[PDB]
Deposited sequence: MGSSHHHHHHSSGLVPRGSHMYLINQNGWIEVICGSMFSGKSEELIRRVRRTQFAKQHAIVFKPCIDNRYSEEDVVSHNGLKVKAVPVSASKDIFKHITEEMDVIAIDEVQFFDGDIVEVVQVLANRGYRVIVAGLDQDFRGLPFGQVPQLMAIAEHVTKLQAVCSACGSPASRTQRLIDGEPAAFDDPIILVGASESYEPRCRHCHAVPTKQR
């Protein structure tokens, strides 16, 4: 015979975009509306309380039937389970709100974020303002001593303003070796 688990009407909201676009601020705006309504919310991170986790499946250990809203920040960093983990959470009737980068510094899709964008009921893509020219940005520029990082430098490198900048595609510079 065939098996069928009946999903509940939870859902997923994805917030994504380059660094500096206010993804985390928008996650928190949404979460805050939640509290004015007196719902129970929890926020997860890698490394209302914010709870660090080393694996996606660890999220389960921290959850209750009491809880209404599950937020996860910096999702690009989450492991390969994260797609399944959020699907199951939504299927259980939770509002799952998820924020992370769409693209790494090369302009390539970051981690499981594209998959989350695909399965999500709602997607919000935020833009920053380009540092070089003032028009809408859609990229994170990595700089090293003022110089644009090469296409071959590591995908993951934890940092902030000291290494990163928002740019439109025109101003985005990712040099390759020949």
- Any chance you could give me the deposited-sequence numbering of all the stretches lacking C-alphas? 1-18, 66-82, 214
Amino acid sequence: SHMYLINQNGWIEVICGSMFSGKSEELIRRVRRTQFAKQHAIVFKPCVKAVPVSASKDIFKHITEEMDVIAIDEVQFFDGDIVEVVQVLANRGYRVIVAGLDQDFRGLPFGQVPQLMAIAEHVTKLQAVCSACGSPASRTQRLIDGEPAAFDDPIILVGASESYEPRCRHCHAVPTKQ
From here on, numbers count along this sequence of modelled residues.
- Residue stretch of maximal mean CA temperature factor, 149-157 vs 131-139: 149-157
- Taking the chain's C-alpha temperature factors as the reference, tell me which third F36 falls into: lowest, middle or highest. middle
- Item | CA B-factor ranking of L27, expressed as a third of its chain | lowest
- Would you mind ranking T64 by its C-alpha B-factor against the rest of the chain and naming the third, lowest, middle or highest? highest
- Note on the structure: The third of the chain into which the C-alpha temperature factor of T124 falls is the middle
- Among all modelled residues of this chain, ranked by Cα B factor, put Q115 in the bottom, middle or top third, i.e. lowest, middle or highest. lowest
